[PDB]
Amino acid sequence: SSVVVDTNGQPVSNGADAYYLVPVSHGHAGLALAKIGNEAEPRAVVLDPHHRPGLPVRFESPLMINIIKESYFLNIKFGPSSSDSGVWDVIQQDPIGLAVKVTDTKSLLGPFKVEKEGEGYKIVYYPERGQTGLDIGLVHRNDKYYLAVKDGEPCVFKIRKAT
């Protein structure tokens, strides 16, 4: 339940700033969108070796505070803070599994937390707020790493402010 901190030692803000999620294992990959299954438009969140540092994210809580604690339930989103598109969610979808995808809607309390893990942070997804969480990890397919629930095998990120 400590404050989430970026690579500069500053508290991660609530919505005001965008941040790159920088993998510590992958090194040459950044967040991007990819097609999943039969879909025309890319809606699955992936780590793409060709796209570094990748698309930046915003961390959003309805609480009226400008810092993010590891205990806060968060929405994570691509794009502008106020915009309702690019909001992350978890969708069961073959062939990835419990796939991280973007939608055009934003729920009040998001299902994600950011938790200290090893030498960085991991993303953890909660199917309901009362429950234990599921680490977000990577499913290697089509020369990219689909972000998906992979409990016990989290992807570890440092949080680098886009500036």
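Don't overthink the numbering: it's just position in the shown sequence, from 1.
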**Message:** I need to verify one thing: averaged over C-alpha atoms only, is the B-factor higher for 81-89 or for 67-75?
**Reply:** 81-89
**Asked** Between 93-101 and 37-45, which has the larger average Cα B-factor in the PDB entry?
**Response** 37-45
**Top Cα B factor in the deposited entry, candidates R58, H51, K116, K113** = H51
**Complete:** Per the deposited B-factor column, the C-alpha that peaks among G137, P62, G130, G133 belongs to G130
**Complete:** Temperature factor at the Cα of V12, chain-ranked in thirds, falls in the lowest
**Prompt:** C-alpha B factor of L109, ranked within the chain: lowest, middle or highest third?
**Reply:** middle
**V124 by Cα B-factor - lowest, middle or highest third of the modelled chain** = lowest
